Number of protein chains: 2
Amino acid sequence: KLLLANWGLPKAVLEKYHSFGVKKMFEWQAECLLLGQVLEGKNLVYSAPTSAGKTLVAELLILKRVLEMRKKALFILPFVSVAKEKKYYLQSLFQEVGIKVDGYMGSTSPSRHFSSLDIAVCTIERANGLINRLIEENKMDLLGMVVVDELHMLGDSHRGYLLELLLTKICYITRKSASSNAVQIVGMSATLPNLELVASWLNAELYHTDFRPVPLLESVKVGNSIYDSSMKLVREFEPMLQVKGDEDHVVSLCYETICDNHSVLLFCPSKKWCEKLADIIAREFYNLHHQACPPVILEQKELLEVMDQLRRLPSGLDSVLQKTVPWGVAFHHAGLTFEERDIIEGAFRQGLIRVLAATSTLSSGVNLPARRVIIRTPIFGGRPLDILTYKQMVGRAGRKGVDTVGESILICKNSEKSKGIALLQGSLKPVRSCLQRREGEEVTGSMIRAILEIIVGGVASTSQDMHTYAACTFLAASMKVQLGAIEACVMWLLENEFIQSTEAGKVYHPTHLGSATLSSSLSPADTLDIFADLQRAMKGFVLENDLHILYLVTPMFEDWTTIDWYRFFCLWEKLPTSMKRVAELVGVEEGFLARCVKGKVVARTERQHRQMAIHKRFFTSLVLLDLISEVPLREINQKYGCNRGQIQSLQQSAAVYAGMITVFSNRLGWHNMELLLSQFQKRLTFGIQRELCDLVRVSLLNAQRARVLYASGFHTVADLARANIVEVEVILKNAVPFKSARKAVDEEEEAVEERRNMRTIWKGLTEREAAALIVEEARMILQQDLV
Amino acid sequence: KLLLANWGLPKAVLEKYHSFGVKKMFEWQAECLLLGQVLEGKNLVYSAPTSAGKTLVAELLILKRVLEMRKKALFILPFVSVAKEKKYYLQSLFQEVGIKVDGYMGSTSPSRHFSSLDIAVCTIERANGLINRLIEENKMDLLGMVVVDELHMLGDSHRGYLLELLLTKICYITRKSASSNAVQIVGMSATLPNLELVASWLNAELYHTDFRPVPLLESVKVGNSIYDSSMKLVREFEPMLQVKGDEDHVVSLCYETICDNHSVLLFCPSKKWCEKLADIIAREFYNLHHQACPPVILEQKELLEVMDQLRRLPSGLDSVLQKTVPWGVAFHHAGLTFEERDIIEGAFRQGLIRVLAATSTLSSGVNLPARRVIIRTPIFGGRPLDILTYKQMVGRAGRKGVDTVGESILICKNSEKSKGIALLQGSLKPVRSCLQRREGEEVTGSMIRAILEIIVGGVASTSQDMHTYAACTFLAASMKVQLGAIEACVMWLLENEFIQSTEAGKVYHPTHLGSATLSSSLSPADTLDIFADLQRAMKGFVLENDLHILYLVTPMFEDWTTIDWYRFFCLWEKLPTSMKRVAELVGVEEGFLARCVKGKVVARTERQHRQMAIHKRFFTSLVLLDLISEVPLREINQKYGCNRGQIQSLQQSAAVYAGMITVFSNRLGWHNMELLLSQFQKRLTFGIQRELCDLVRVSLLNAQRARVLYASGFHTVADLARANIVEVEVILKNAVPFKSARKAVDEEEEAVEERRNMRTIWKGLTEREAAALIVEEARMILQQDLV
DNA sequence: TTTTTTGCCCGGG
DNA sequence: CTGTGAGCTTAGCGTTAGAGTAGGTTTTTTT
């Protein structure tokens with residue numbers, strides 16, 4: 001029965017599973033795969049805890065369908081991190097049968113067009129983008145299957161409502177062609193009260209189970225007392241350690257199980273709070289070792305390899321990590337460089353680290369199981385802790401093979417107790433659409449996009465079809481205004497020129513501003529703020545410097561950071577007129593910055609909303625300029641107050657926004673603006689090729705400078721030590737694009753001073769000085785390397 | 001001796017000469033080829049009257065050397081019309097031997113890279129341009145021969161001094177290398193004085209003849225009395241058909257030779273005076289036949305075919321050609337189209353036209369003999385006629401031995417008789433080099449080109465090698481201020497950033513602006529303006545429309561027309577609000593336009609020297625904007641005060657200026673601005689697409705408005721007659737680049753009106769109405785073709 | 001109160 | 001928005017910011 005070898009897998013995949021793990025399925029998996037019609041081809045929704053073999057029940061369906069029918073699966077995952085991990089995992093299983101597995105995730109994408117793949121594993125908005133493009137190609141018939149994780153995100157508005165739109169399009173196009181399942185939807189979720197509604201919407205079969213291989217003792221600590229689920233008072237605890245201001249004994253709650261050689265995962269409200277607790281915990285591991293209780297075992301021979309591997313990173317070994325990592329204490333949050341996450345994840349996954357204070361980043365996207373989970377408060381960011389967040393936090397408790405029973409302890413004040421009791425006793429709110437109009441309110445951005453994305457694809461081009469599409473949404477299940485809201489959208493789309501009216505009844509056609517908003521996969525709420533920037537550049541584009549191209553290209557964010565408007569006003573005042581003119585043409589204005597330094601965010605009329613959206617995008621441009629200007633990432637974080645983890649997210653985004661907005665300007669037909677961006681797409685790439693890595697040892701070589709030496713002479717630093725200073729000076733003078741020292745007639749001097757100060761090679765040296773000093777540096781580097 | 005077959009020509013060329021020419025040389029041709037060292041590879045400078053077989057000597061020397069030395073030869077010719085004719089001759093002559101003959105002239109380029117050619121037939125600046133690039137590619141060793149026509153041109157300031165700069169380079173690059181010739185030079189110089197000096201400068205043989213196949217009977221008329229050049233009276237004239245319509249009775253002097261039934265040619269100081277006087281003469285041939293020496297034999301059947309060929313002209317038959325051409329009278333201007341000029345010449349070349357009136361456009365650039373030449377006055381323009389122009393006029397008398405003698409008649413009133421006679425009794429002034437200076441004067445721009453070009457090409461870079469170059473000039477040869485002239489050049493080229501000074505004498509290197517000058521082959525004095533326009537565009541470029549890029553690629557002229565400043569000032573206010581913004585950024589201003597309306601004469605400081613060039617260029621940009629906007633030339637002429645010759649020169653020059661300024665911008669490193677210009681150069685062309693030609697012809701559709709139909713549905717006229725009006729309406733809506741109809745916030749209402757106007761057609765049709773009308777015209781005219 | 005003339009790399013079948 | 005303990009700093013008791021997350025066509029290969 002449960003032994004997987006009986007299920008008829010091809011031996012290569014069976015042997016790969018035998019290598020990867022258990023040969024026998026859990027009983028719930030055998031039931032769920034033996035519902036009456038899921039194997040026939042009917043859609044499915046199911047739920048199991050994250051500790052269960054959740055994805056196996058999809059993988060065996062994928063393996064069957066892609067082998068039994070020569071059609072292409074589309075595996076939709078909530079985050080790039082889990083998408084990358086699942087890509088490599090699934091590649092390892094199927095590759096010996098010849099299934100081509102590749103993914104759309106972050107900046108990475110398949111080296112071949114979708115028609116060559118067999119299983120595309122991708123993030124949600126990559127999948128919706130691919131669905132839009134499959135519609136534009138009308139090649140949708142290729143799509144065999146959609147596998148959806150976290151289907152309970154149907155109601156999440158920041159991201160997730162895309163899952164309504166995406167599944168609705170597949171239903172509608174199937175129903176449009178209908179009026180043996182063409183596209184099977186397999187939807188994985190946490191258990192919901194109305195899960196059978198989602199299953200009924202998807203016409204799906206249903207399974208859900210409480211089964212988990214490792215059981216969880218949930219609890220709330222209040223005072224000394226620990227209450228089990230159903231508030232059974234199982235235990236009282238007394239402080240094994242006495243610590244100044246550890247009024248909750250949070251260190252002792254760690255130490256108690258550290259005495260048992262078991263690890264602790266400690267979720268906190270914020271990054272600052274994680275650093276403070278990783279500091280405090282490491283100080284007590286130090287004190288216990290210094291005042292030398294049971295002994296503490298560390299295997300520091302391994303921690304020195306981890307901590308040296310951190311020292312190699314251009315971040316440097318962070319001042320907190322210097323203190324904590326030697327003791328097996330770490331911290332983990334999205335302020336860390338991706339490599340620092342992967343190092344600290346790996347060190348905790350092997351258990352070299354024993355305590356890891358973390359934000360929600362270890363709740364979603366990072367599967368670090370632990371014996372004991374702790375949640376430092378019921379309040380997060382002044383919210384009550386979300387019930388979905390809590391039940392995803394505690395799902396980390398228990399380690400499959402290393403441990404027998406999982407433990408979790410919420411820490412709660414006596415006055416807060418009702419909130420903790422609610423978190424344990426409560427259950428997830430019923431999932432409900434974002435399409436639903438609130439009774440008296442303006443129609444929602446999810447509905448506006450949901451209507452635009454069919455019209456622009458040439459699907460449901462007449463309004464009677466739009467009512468037929470609305471009847472496919474999950475909203476049309478949640479209600480059992482449904483007609484009147486649709487014609488309130490087309491008014492908004494018409495009066496913003498996303499679509500055109502045509503008589504005969506009527507037919508609606510996409511404008512270029514339609515096709516651009518669709519095929520760049522921007523949101524309609526963004527392409528107004530982008531178009532008001534792109535079109536205003538057509539009226540006067542500064543070509544002598546990058547800042548205006550960066551303002552068009554820089555990612556849209558709201559509150560990318562807390563912004564110091566006063567330092568931004570001090571910064572804007574300092575800009576060169578070469579660049580301050582770009583601020584004027586963009587519309588940055590002293591009358592607006594003066595308000596934003598003097599007072600609150602302006603009340604948002606459409607004018608004041610636009611003028612606010614301009615400045616936050618400009619501030620993000622000045623950061624993004626400094627990144628390409630090779631200003632030290634240590635300096636940038638002083639200058640703008642962001643931190644190194646945000647910068648890598650900005651680098652990841654700006655490299656993509658250059659690509660989107662090129663397609664946006666292409667679809668508008670503004671080909672003369674496209675080329676000015678399609679060239680800049682070559683320069684938003686921040687990692688050097690190995691060509692310069694030797695030359696980059698020379699302190700006077702910016703990569704922009706090493707670029708011309710290697711292009712001119714293939715130089716090894718030995719060659720730069722051999723080179724004649726006169727040849728370097730001429731190579732330097734033939735490196736920079738020509739910019740006069742001459743003042744032209746009716747110029748202001750500041751506009752040419754900034755042409756002169758832009759040619760000195762650091763302010764900085766003149767080339768006659770630099771070309772001597774760089775040969776003297778190179779010959780010193782050479783003799784230091786040869787010894 | 002003189003029988004050509006004895007000279008050892010290859011039979012293919014010999015038979016081609018037997019076909020095209022005659023089997024014998026003239027006496028002077030043999031005597032010159034028998035100059036002992038010439039056939040050994042000595043340089044030669046020779047003269048023969050232009051009606052003799054001047055070029056046969058040069059052609060025979062090329063043919064021999066390319067067979068024997070087997071090195072590539074460069075044939076330099078004064079004008080593109082002369083170059084094209086001599087290209088087809090040399091190609092048709094040599095190609096049966098397999099000599100790869102092609103050339104560089106006008107917008108033309110050879111079908112393969114230079115090294116593929118055996119002969120390059122070339123205009124002066126395509127040759128001096130080529131010589132610069134052979135030095136950059138260091139292929140100078142390839143150049144085995146240079147052959148030069150009109151070597152007397154060295155004294156022109158506007159042009160042709162390049163023929164000193166080129167030959168001085170070849171001399172210097174020989175003598176510096178050497179201290180059987182490295183290059184053989186053959187120069188033709190039309191019987192100058194000081195011709196021994198030119199021969200001595202090139203270290204060449206001197207050869208001269210006055211031989212003519214038919215003698216020139218010069219004469220001069222005052223009153224009724226005609227005098228020989230010796231001022232003997234030859235005749236008193238009898239003005240048959242006496243009329244007050246010509247107070248000098250030149251109509252009778254034309255009719256006289258017309259009674260001899262031979263062609264006559266008349267040179268006139270002005271287009272309108274030419275155009276008037278052709279009408280006057282034609283109405284007397286009308287008067288003869290309407291009254292009826294015999295009447296003029298008209299052969300009207302051929303003239304009606306010629307006149308129908310003018311009716312077939314895209315610009316239609318000129319009403320003045322309706323008057324004159326049926327009588328065998330025509331006129332000839334730079335103001336005609338080039339097609340009309342070629343047609344009218346050909347009709348005269350076949351002798352169908354028997355009288356032709358011209359400006360100097362028949363002095364130089366073409367050779368069409370006429371038995372009698374008439375010169376209307378000793379005064380041409382505001383000044384006495386140049387004796388060089390007189391000789392090239394009267395040289396037209398020899399009808400290729402189809403007639404036994406040639407005639408010339410200078411005509412004047414009783415005043416200035418001596419200054420008239422001085423054209424007959426005078427001879428060419430001494431040739432000289434415009435590299436010469438006054439003491440109270442700047443070093444001339446032709447010297448600045450010389451001493452710049454050596455530096456930038458990477459030759460003679462040392463401060464003493466330039467004085468070694470100057471010793472090879474024809475200036476220095478003529479002198480056997482000049483020592484300071486080279487130092488004045490280097491100071492001027494430093495202050496204009498064309499060169500860089502490096503220490504340890506000193507060694508000078510090109511800037512990018514140096515190499516950009518030479519690579520574009522612009523003048524230094526032009527490049528100060530073409531750069532300042534580009535440098536100003538970098539500070540704020542209007543991508544919104546075509547006008548601001550046209551201002552950069554607008555051909556730069558002095559007085560390409562008189563500018564009717566009041567009509568231009570009216571045409572300035574009529575510019576749309578976006579185009580009136582371009583006028584701000586380039587610096588067009590009412591405070592200058594109104595001042596040119598107020599008064600023609602202005603003083604000029606450096607500000608005013610730029611301001612004139614800005615406006616004179618901008619006015620020419622407006623003409624280009626209309627020409628790409630498909631405005632009818634019938635309007636443009638009347639709108640700007642322009643004619644169909646000036647327009648045609650501006651089209652043919654603009655296609656080259658967008659070429660040069662790509663290569664100018666590319667090598668300044670402004671690769672963003674380069675790609676805009678390189679993109680726009682793909683639009684700045686005026687040919688007709690093969691497949692669209694009939695579609696644009698029949699339906700009266702603008703080229704892009706038809707092209708998108710062929711792109712969107714491949715319609716022929718027979719298919720557009722079937723097109724659905726709603727489908728065409730949707731195409732008409734989405735064919736254009738997106739211009740939003742909505743006003744933005746923070747925008748002038750007078751600005752958005754433009755963007756909504758741009759989508760209208762012309763009148764002022766809606767897209768609905770145009771999409772109806774276009775289908776009606778297609779389906780109606782389909783029937784008119786089928787009937 | 002007014003004459004004629006020239007420059008550039010690159011693609012095509 | 002909501003909240004609270006962290007933050008500022010000389011001292012020893014003043015004053016508040018605060019989670020994580022993502023979209024593009026061409027292109028893959030070197031001096």
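This entry, as listed in the PDB, derives from cryo-EM and reports a resolution of 3.6 Å.

Caption draft 1: View of the relation of the copies chain B and chain A. Rotating chain B by 180° and moving it 0.0 Å along the rotation axis overlays it on chain A with an RMSD of 0.8 Å. A rotation of that kind, with that shift, is consistent with a two-fold axis. Comparing contact sets, 96% of the residues at the interface of chain B also lie at the interface in chain A, consistent with an isologous, same-surface contact.

Caption draft 2: Structural view of the domain arrangement of chain A. When cut into domains, chain A gives domain 1 (4–208), domain 2 (216–425), domain 3 (445–500), domain 4 (524–682) and domain 5 (690–786). The straight-line distance from the C-alpha centre of domain 1 of chain A to that of domain 4 of chain A is 38 Å.

Caption draft 3: Fine view of the protein's contact with DNA strand C. Residue and element names in this part refer to chain B. Every one of the 31 residues lining DNA strand C counts as a neighbour, but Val80, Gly106, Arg126, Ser270 and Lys271 are closest to it. Here, DNA strand C places atoms within 4 Å of the protein, and 75% of those atoms are sugar or phosphate. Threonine 123 is positioned such that a nitrogen or oxygen atom in its side chain is 3.3 Å from a phosphate oxygen of DNA strand C. Between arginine 690 and DNA strand C, the recorded distance is 2.9 Å, taken from a side-chain N or O atom to a phosphate oxygen. Among the secondary structure elements, those contributing two or more residues to the surface near DNA strand C are α5 (124–136), α19 (512–520) and α27 (646–666). The biggest single contributor to the surface near DNA strand C is α27, with 6 residues.

Caption draft 4: Local environment of the interface of chain B and chain A. Listed per partner, the contact involves 49 residues of chain B and 52 residues of chain A. Buried surface at the junction of chain B and chain A, both sides included, amounts to about 4,500 Å², of which 50% is carbon and sulfur. Linking chain B with chain A are 8 salt bridges. One can count 28 residue pairs in polar contact joining chain B with chain A. For the side of chain B that touches chain A, the secondary-structure elements that each account for two or more residues are β19 (499–503), β20 (506–510), α19, α20 (524–537), α25 (606–628), α28 (671–680) and α32 (725–735) of chain B. Here the element with the most residues in the side of chain B that touches chain A is α28 of chain B; it accounts for 5 residues. Among the residues forming the side of chain B that touches chain A, the class breakdown is 19 nonpolar, 14 polar and 16 charged.

Caption draft 5: Representation of the nonpolar core. Ranked by size, the top nonpolar core spans 267 residues in total, and within it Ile451, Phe618 and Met673 of chain A together with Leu74, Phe618 and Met673 of chain B carry the most contacts. Top element by residues in this core is helix α25 (residues 606–628) of chain A. It accounts for 10 residues. Leave out the neighbours within four places in its chain, and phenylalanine 618 of chain B touches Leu547, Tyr551, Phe568, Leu575, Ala583, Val586 and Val588 of chain B. Grouped together as the second largest cluster of nonpolar side chains are 69 residues, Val250, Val320, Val394 and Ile409 of chain B included.

Caption draft 6: Highlighting the packing of aromatic side chains. Counted according to the given criterion, the structure contains 35 aromatic pairs over all chains. Seen in terms of ring centroids, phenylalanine 619 of chain B and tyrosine 640 of chain B are 5.5 Å apart; in terms of plane orientation they differ by 80°. Their pairing is edge-to-face. Taken as a pair, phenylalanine 619 of chain B in helix α25 and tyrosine 640 of chain B in helix α26 (residues 633–640) lie far apart in primary sequence, 21 residues in all. Side by side, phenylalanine 619 of chain B and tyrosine 640 of chain B carry an identical accessibility label, which is buried. Clustering of aromatic rings is evident, with ring pairs tying together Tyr551, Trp565, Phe568, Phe618, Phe619 and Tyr640 of chain A. Sitting above the plane of the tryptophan 572 of chain B ring, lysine 580 of chain B keeps its charged end 5.3 Å from the centroid.

Caption draft 7: Quick peek at the sheet that holds strand β2 (residues 72–77) of chain A. Residue and element names in this part refer to chain A. Strands sit in the order β3-β4-β2-β5-β6-β1-β7 across an open sheet of 7 strands; the sheet is parallel. Strand pairing shows two members of the sheet lacking a second neighbour, β3 (101–104) and β7 (205–208), which therefore form its edges. Direction aside, neighbouring strands of the sheet carry axes that sit 15° apart on average. As defined by bridge partners, β2 adjoins strand β5 (residues 143–148) across 5 bridges and the pair is classed as parallel. Looking at the pairing, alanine 73 lines up with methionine 145 of β5. Seen against the sheet, helix α3 (residues 56–68) touches β1 (44–47), β2, β4 (119–123), β5 and β6 (184–189) and runs at an angle of roughly 175° to β5. The strands touched by helix α6 (residues 162–178) within the sheet are β2, β5 and β6, with β5 carrying the most contacts at an inclination of about 150°.

About the cut-offs
Residues numbered from 1 in each chain as written, not as in the entry; some residues may be left out. Chains lettered and ligands numbered in written order. Heavy atoms only, no water. Residues with missing side-chain atoms left out of burial classes, pairs and counts. Least-squares fit on C-alpha atoms. Contact = heavy atoms within 4.5 Å. Domains from an automatic or database assignment. Near = heavy atom within 4 Å. Polar contact = N/O pair within 3.5 Å; in protein donor to acceptor, adjacent residues only side chain to side chain. Helix = DSSP H or I, 4+ residues; strand = E, 2+ residues; numbered from the N terminus. Buried area = accessible area lost by both parts, 1.4 Å probe. Salt bridge = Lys/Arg side-chain N within 4 Å of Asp/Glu carboxyl O. Nonpolar A, V, L, I, M, F, W, Y, C, P; charged D, E, K, R; others polar. Core = buried A, V, L, I, M, F, W, Y, C linked by side-chain atoms within 4.5 Å. Buried < 20%, exposed > 50% of the residue type's maximum accessible area, 1.4 Å probe, protein only. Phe/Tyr/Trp six-rings, centres within 6.5 Å; stacked < 30°, edge-to-face > 60°. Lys NZ or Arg CZ within 6 Å of the ring centre and 35° of its normal. Pairing = 2+ DSSP bridges. Axes fitted to C-alpha atoms, helices over the stretch in contact; angles between N-to-C directions.

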